[PDB]
Every structure is written in structure tokens, then in C-alpha cells.
Amino acid sequence: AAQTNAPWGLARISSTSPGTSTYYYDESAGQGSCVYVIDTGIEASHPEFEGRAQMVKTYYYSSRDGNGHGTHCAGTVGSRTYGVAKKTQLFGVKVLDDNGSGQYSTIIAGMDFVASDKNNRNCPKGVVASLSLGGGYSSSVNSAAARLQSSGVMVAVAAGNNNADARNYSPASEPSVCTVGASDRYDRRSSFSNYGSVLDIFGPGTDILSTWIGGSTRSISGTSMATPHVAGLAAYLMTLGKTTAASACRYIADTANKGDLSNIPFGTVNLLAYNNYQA
Ligand SMILES: [Ca+2]
């Protein structure tokens, strides 16, 4: 399948090269997989989700995304225009209030929630979780990411936005999950991407068009926008049969565009997520 005049990041993770605008992909498109967006919530009523999205948890007084962040990240995963995995099932978990603030202990609660709940869902092709959030190093936050991953969920986490080595941030520094940095449409590291040997992969994160609340769209920027490209990609690769929740971060790295970003500080991977469909 081909989707012309696509947001640049969907074209990128289907290209070897920058500078084009079609998103080339296999039509199975994540059918039979499940992606949990653990964030401010998802405006499931957005027609771009077409009935595939459900809130299933909150730790606040409403499950609604009253911020838009969770809805945008979820759209990149799996909205019909703006998504990687256009036919995946989306499940929301609201661990952030309507300003973007979550206490750690609640974010932990969300995470163990997914390891349990996946067992309440129909996900024959595999389960992913997408965490576009974080704060300073915590062993506990990191332990809750290793548990979620160990429970057979592909876990994708934002490396962070301080232009700093990510080993000091959580859940990014955790080893066993898939820590995602951000790039731009000219294959530069985005100016705000954390970096450091704990990163596994880079995805598109600067001027990412996606869904927003009210039924609407916007473009924003962050390792948060990069993260759901890798989550959605992993859902897409499960569904096909290329990899598994426990193997997907390694498979994506193995199949990435290798060398191609400029400003990878020394010691940071120079790997860019790629679906290997068109070549
Ligand atoms: Ca890893």
C-alpha cells in the first residue's frame, strides 16, 4: 500500500532516503495487534481512530484527554491518516493529568496495569506499549518498565528532551526496553534529543503532524512524537510475522537505516527506524 503526501515521518520510516512524502507499507497495517498509549488519555471519538481506540484506565477523576498529548501520540501509532499501524487496536491509559504531570507512583501503577490487562484483550499478533513521558532516574520507574517488557510487551520509551545523556532519565535509561530519540526531516538529530549509549533507535520527532482533541490536528515536536513511530512500527512488524514483542527492539535495530543522522554524538547509535517495505 501507498499513502501519498503523508506526514514526513511516516515517509521516512519507509524510505532509505529523506526528502519524500509517500508512506509505503504492507496493507496488513497492524491488524490483530494491540498498542497501549500510556499518557494523558486518547480522544477515542476522533473519527481518525475509526472505532479502534478505547480508554481502558485512568488514575484521575475522568479518563478523557483534556491535554491532547496522548491523542497525538496515539494518532501516530494508529490513526487512519497519520498513523504507522493504521489497523491496530489502541488502548489508553491516562497516567498524566490534563497539564502533562504525573506522579511516579501512578505512572508505575499504569505500567503494571498493562502487564495485567493485556490478558483482558484480544491481541493475537502482539502487544506494544508506547510511553512518551519520563522524569529523573528512578529505580522503581525503571523496574516497572522491565516488568512490563518481561510480561511480553514490546515497550517503547522516549529518550527525553533536554539535550542530555538519557542514562539520567526514567524510564529511558532502563536497558531492557526500547529507548527512542528524535530526528528531523533533514536527518539531523532533533535539537532537544537526549542521546547516550542507552538509546536503541531513533525515529521522526521534529514537526510531527498528528491528531489533537476536538477532533482536530497539529504538529508538535519531541522524543514523545518519535516514540509512537517505533511503537506503531513494532505493531506493524508483529503482525506480519517478522518479529515478536521480546525480539522487536533488536529486529528494528538490525533492519534500521545505519549512518545516516548527523550529530551522533560519539557513542550514540546512528540508527534510524525503517520498515524495509520498498527496498
Ligand atoms: Ca533494548
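## A short note on the UniProt feature "binding site: Ca(2+) 1" in the protein chain
1) Next: Residues annotated by UniProt as "binding site: Ca(2+) 1" correspond here to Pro175, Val177 and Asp200. In sequence the annotated residues extend across 26 residues, while in space they remain close, none of their C-alpha pairs exceeding 9.2 Å. Lining the second largest pocket, from the residues named above, are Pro175, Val177 and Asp200.
2) Next: Under the relative-accessibility criterion, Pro175 is labelled exposed at 61%.
3) Next: As for its position among the elements, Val177 is in the loop between strand 9 (169-170) and strand 10 (178-183).

## Topic: helix 4 (residues 139-150)
1) Next: The end-to-end C-alpha separation of helix 4 is 16 Å, in line with the 16 Å expected for 12 residues at 1.5 Å each.
2) Next: Here helix 4 has its buried residues at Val141, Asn142, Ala144, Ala145, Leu148 and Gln149. Along the axis of helix 4, the buried positions cluster into a sector of 155 degrees, meaning they face one direction only.
3) Next: On its buried side, helix 4 packs onto strand 3 (33-39), helix 3 (104-117), strand 6 (126-131), strand 8 (154-158) and strand 9.
4) Next: Between a side-chain oxygen at the N-terminus of helix 4 and the backbone nitrogen of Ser140 the separation is 3.2 Å; the capping residue is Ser138.
5) Next: Phi for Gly152, located one or two positions after helix 4, is positive at around 85 degrees.

## Structural notes on the UniProt feature "active site" in the protein chain
1) Next: Mapped onto this numbering, the UniProt entry annotates "active site" at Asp39, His69 and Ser224. Considering the C-alpha atoms alone, the annotated residues occupy 186 residues of sequence yet fold into one spot, their largest mutual distance being 10.1 Å. If you take the residues mentioned a moment ago, the ones lining the largest pocket come down to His69 and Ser224.
2) Next: Overall, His69 belongs to the buried group, its relative accessible area being 18%.
3) Next: Sequence-distant contacts of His69, defined by excluding residues within four places in its chain, comprise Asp39, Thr40, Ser132, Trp212, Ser224 and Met225.
4) Next: For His69, the side chain forms a polar contact with the side chain of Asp39, separated by 2.7 Å.
5) Next: Here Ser224 shows up in helix 5 (residues 223-240).
6) Next: A residue is classified by how much of its surface remains accessible, and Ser224, at 9% relative accessible area, is buried.

The rules behind these values
- Residues numbered from 1 in each chain as written, not as in the entry; some residues may be left out.
- Heavy atoms only, no water.
- UniProt positions renumbered as here; feature names shortened; annotations may be inferred.
- 1 Å grid on protein atoms, 1.4 Å probe; cavity = no way out; pocket = protein on both sides within 12 Å on 5 of 7 lines; lining within 4 Å.
- Buried < 20%, exposed > 50% of the residue type's maximum accessible area, 1.4 Å probe, protein only.
- Helix = DSSP H or I, 4+ residues; strand = E, 2+ residues; numbered from the N terminus.
- Expected span 1.5 Å × (residues − 1).
- Arc of directions from axis to C-beta.
- Contact = heavy atoms within 4.5 Å.
- Polar contact = N/O pair within 3.5 Å; in protein donor to acceptor, adjacent residues only side chain to side chain.

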